[PDB]
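Undergrad: Pasting input22.txt here (compact mmCIF, C-alpha atoms):
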```txt
# COMPACT_ATOMS: atom_id res chain seq x y z
CA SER A 1 23.18 -22.68 -1.53
CA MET A 2 24.45 -19.76 -3.60
CA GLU A 3 21.12 -19.80 -5.40
CA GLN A 4 19.22 -19.22 -2.12
CA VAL A 5 21.51 -16.30 -1.31
CA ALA A 6 21.04 -14.82 -4.78
CA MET A 7 17.25 -15.01 -4.38
CA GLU A 8 17.55 -13.36 -1.00
CA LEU A 9 19.64 -10.53 -2.48
CA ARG A 10 16.96 -9.99 -5.13
CA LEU A 11 14.25 -9.87 -2.43
CA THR A 12 16.33 -7.42 -0.40
CA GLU A 13 16.69 -5.14 -3.41
CA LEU A 14 12.97 -5.35 -4.16
CA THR A 15 12.35 -4.38 -0.54
CA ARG A 16 14.63 -1.36 -0.99
CA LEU A 17 12.72 -0.22 -4.07
CA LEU A 18 9.31 -0.82 -2.43
CA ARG A 19 10.42 1.21 0.61
CA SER A 20 11.07 4.12 -1.75
CA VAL A 21 7.70 3.57 -3.46
CA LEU A 22 5.95 3.39 -0.07
CA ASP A 23 7.52 6.67 1.05
CA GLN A 24 6.47 8.39 -2.16
CA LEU A 25 2.90 7.08 -1.89
CA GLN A 26 2.58 8.12 1.74
CA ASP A 27 3.69 11.68 0.87
CA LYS A 28 0.52 11.89 -1.22
CA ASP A 29 -1.44 11.49 2.05
CA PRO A 30 -0.30 14.62 3.85
CA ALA A 31 -3.36 14.50 6.14
CA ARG A 32 -2.19 11.05 7.41
CA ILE A 33 -5.70 9.69 6.98
CA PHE A 34 -4.24 6.31 5.92
CA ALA A 35 -1.23 6.24 8.22
CA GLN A 36 -2.64 3.85 10.83
CA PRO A 37 -5.27 1.06 11.12
CA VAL A 38 -8.86 2.19 11.59
CA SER A 39 -9.45 2.04 15.35
CA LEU A 40 -11.97 -0.61 16.40
CA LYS A 41 -12.37 1.29 19.62
CA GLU A 42 -13.52 4.35 17.67
CA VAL A 43 -15.29 2.53 14.80
CA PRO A 44 -16.51 -0.61 16.53
CA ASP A 45 -18.56 -1.93 13.57
CA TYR A 46 -15.73 -1.55 11.06
CA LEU A 47 -15.06 -5.28 10.51
CA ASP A 48 -18.74 -5.83 9.72
CA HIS A 49 -18.11 -3.59 6.70
CA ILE A 50 -14.51 -4.15 5.71
CA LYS A 51 -13.19 -7.69 5.63
CA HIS A 52 -9.53 -6.92 4.97
CA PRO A 53 -8.42 -3.67 6.64
CA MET A 54 -5.18 -2.08 5.49
CA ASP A 55 -3.09 1.02 6.21
CA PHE A 56 0.43 2.37 5.63
CA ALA A 57 1.79 1.28 9.04
CA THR A 58 0.65 -2.30 8.44
CA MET A 59 2.23 -2.26 4.95
CA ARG A 60 5.48 -0.96 6.44
CA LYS A 61 5.56 -3.83 8.97
CA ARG A 62 5.13 -6.39 6.20
CA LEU A 63 7.72 -4.60 4.04
CA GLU A 64 10.43 -4.53 6.69
CA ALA A 65 9.89 -8.26 7.22
CA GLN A 66 10.51 -8.66 3.46
CA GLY A 67 6.94 -9.95 3.15
CA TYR A 68 6.25 -8.63 -0.36
CA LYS A 69 7.57 -11.12 -2.92
CA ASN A 70 6.66 -9.00 -5.95
CA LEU A 71 5.19 -5.58 -6.82
CA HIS A 72 1.73 -7.06 -7.43
CA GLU A 73 1.42 -8.09 -3.78
CA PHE A 74 2.43 -4.58 -2.66
CA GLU A 75 -0.06 -3.00 -5.05
CA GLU A 76 -2.81 -5.30 -3.74
CA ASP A 77 -2.32 -3.84 -0.25
CA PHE A 78 -2.21 -0.25 -1.50
CA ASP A 79 -5.45 -0.78 -3.44
CA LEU A 80 -7.07 -2.14 -0.24
CA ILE A 81 -6.32 1.12 1.55
CA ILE A 82 -8.11 3.09 -1.16
CA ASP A 83 -10.91 0.65 -1.92
CA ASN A 84 -11.82 0.08 1.75
CA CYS A 85 -12.10 3.82 2.31
CA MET A 86 -14.24 4.43 -0.78
CA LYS A 87 -16.73 1.81 0.38
CA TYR A 88 -17.01 2.75 4.07
CA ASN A 89 -17.13 6.49 3.50
CA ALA A 90 -19.57 8.39 1.29
CA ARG A 91 -18.49 10.60 -1.64
CA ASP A 92 -19.05 13.86 0.21
CA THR A 93 -16.52 13.12 2.97
CA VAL A 94 -12.94 14.24 3.49
CA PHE A 95 -12.00 10.54 3.80
CA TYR A 96 -13.37 9.43 0.42
CA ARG A 97 -11.93 12.48 -1.29
CA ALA A 98 -8.48 11.81 0.26
CA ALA A 99 -8.62 8.28 -1.15
CA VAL A 100 -9.46 9.52 -4.65
CA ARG A 101 -6.52 11.93 -4.54
CA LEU A 102 -4.16 9.23 -3.22
CA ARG A 103 -5.27 6.82 -5.97
CA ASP A 104 -4.79 9.42 -8.68
CA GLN A 105 -1.40 10.68 -7.51
CA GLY A 106 -0.17 7.21 -6.58
CA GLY A 107 -0.88 5.77 -10.02
CA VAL A 108 1.94 7.91 -11.41
CA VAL A 109 4.43 6.48 -8.91
CA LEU A 110 3.30 2.89 -9.44
CA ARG A 111 3.47 3.27 -13.21
CA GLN A 112 7.21 3.94 -13.05
CA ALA A 113 7.79 1.42 -10.25
CA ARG A 114 6.47 -1.29 -12.55
CA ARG A 115 8.93 -0.27 -15.24
CA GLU A 116 11.84 -0.32 -12.74
CA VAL A 117 10.99 -3.74 -11.33
CA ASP A 118 10.79 -5.17 -14.86
CA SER A 119 13.88 -3.30 -16.07
CA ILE A 120 16.26 -4.14 -13.23
CA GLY A 121 14.63 -7.59 -12.93
CA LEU A 122 13.67 -7.74 -9.26
CA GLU A 123 11.09 -10.55 -9.10
```
Using structure tokens, write down the structure from this file.
TA:
Amino acid sequence: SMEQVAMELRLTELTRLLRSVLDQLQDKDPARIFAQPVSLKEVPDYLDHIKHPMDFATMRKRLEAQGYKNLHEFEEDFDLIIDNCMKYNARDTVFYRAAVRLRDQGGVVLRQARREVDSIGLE
């Protein structure tokens, strides 16, 4: 149907905007602490602690498969990256502190992303 195609165009445009958001958020992690999944070889007890691991590479895979239907779903995954880190790692670690900085700097980006999704009408 034309309606299916129109919905697909909307999803494709959302994916374009979220790719831009993702790039901006990842720039706020210059240490690349959140770039890849936590290694279960190197942290073998991780899944005893963290029930839903997340990282930027895993978000990018879902994104390129157009697997985010709205901004809320994308934000859920970003918040997992930060929240997982702030539970597993203590306050006096480079990891926890990187997550605080990513949260703080990323909030700015997400604030405007919300306005753009609403404005242009992408979901």
Undergrad: Excluding same-chain residues fewer than 5 positions from residue A:97, what lies within 12 Å of it counting all atoms listed in the file, as an NGL selection string?
TA: :A and (29 or 31 or 33 or 82-83 or 85-87 or 89-92 or 102-104)
Undergrad: Would you export the selected residues with C-alpha atoms as a compact mmCIF listing (two decimals), keeping the file's coordinate frame, please?
TA:
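Saved to part12.txt:
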```txt
# COMPACT_ATOMS: atom_id res chain seq x y z
CA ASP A 29 -1.44 11.49 2.05
CA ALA A 31 -3.36 14.50 6.14
CA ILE A 33 -5.70 9.69 6.98
CA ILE A 82 -8.11 3.09 -1.16
CA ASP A 83 -10.91 0.65 -1.92
CA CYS A 85 -12.10 3.82 2.31
CA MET A 86 -14.24 4.43 -0.78
CA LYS A 87 -16.73 1.81 0.38
CA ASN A 89 -17.13 6.49 3.50
CA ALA A 90 -19.57 8.39 1.29
CA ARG A 91 -18.49 10.60 -1.64
CA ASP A 92 -19.05 13.86 0.21
CA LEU A 102 -4.16 9.23 -3.22
CA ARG A 103 -5.27 6.82 -5.97
CA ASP A 104 -4.79 9.42 -8.68
```
Undergrad: Please provide as a PyMOL selection string all residues within 9 Å of residue A:106, with the sequence filter that same-chain residues fewer than 3 positions apart are discarded (counting only C-alpha atoms).
TA: chain A and resi 24-26+28+101-103+109-111
Undergrad: If we count all atoms listed in the file and set the cut-off at 10 Å, which residues sit around stretch 63-78 of chain A, ignoring sequence neighbours fewer than 5 positions away in its own chain? Please answer as a ChimeraX atom specification.
TA: /A:8,10-19,21-22,25,52-58,83,102-103,106,110,113-114,117-118,122-123
Undergrad: Can you work out which one of A:41, A:5, A:20, A:88 has the shortest atom-to-atom distance to residue A:112, counting only C-alpha atoms?
TA: A:20
Undergrad: Could you jot down the atom CA of residue A:44 to atom CA of residue A:100 separation for me, Å, one decimal place?
TA: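 Atom-to-atom, atom CA of residue A:44 to atom CA of residue A:100, that is 24.5 Å.
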Undergrad: Quick check, in Å to one decimal: how far apart do atom CA of residue A:96 and atom CA of residue A:81 lie?
TA: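 These two atoms are separated by 11.0 Å.
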Undergrad: Rounded to one decimal, what separation in Å do you get between atom CA of residue A:27 and atom CA of residue A:107?
TA: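 We find that atom CA of residue A:27 and atom CA of residue A:107 lie 13.2 Å from each other.
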Undergrad: For stretch 38-48 of chain A, I'd like the enclosing box, axis-aligned and padded by 5 Å on every side, reported as lines of an AutoDock Vina configuration file with centre and edge lengths in Å to one decimal.
TA:
```
center_x = -13.8
center_y = -0.7
center_z = 14.7
size_x = 19.9
size_y = 20.2
size_z = 19.9
```
Undergrad: Quick one: of A:49, A:79, A:95, A:121, who's nearest to residue A:32, counting all atoms listed in the file?
TA: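 Ranked by minimum distance to residue A:32, first place goes to A:95.
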Undergrad: Of the candidates A:2, A:80, A:120, A:99, which shows the shortest atom-to-atom distance to residue A:59, using only C-alpha atoms?
TA: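 That would be A:80, the residue with the smallest distance to residue A:59.
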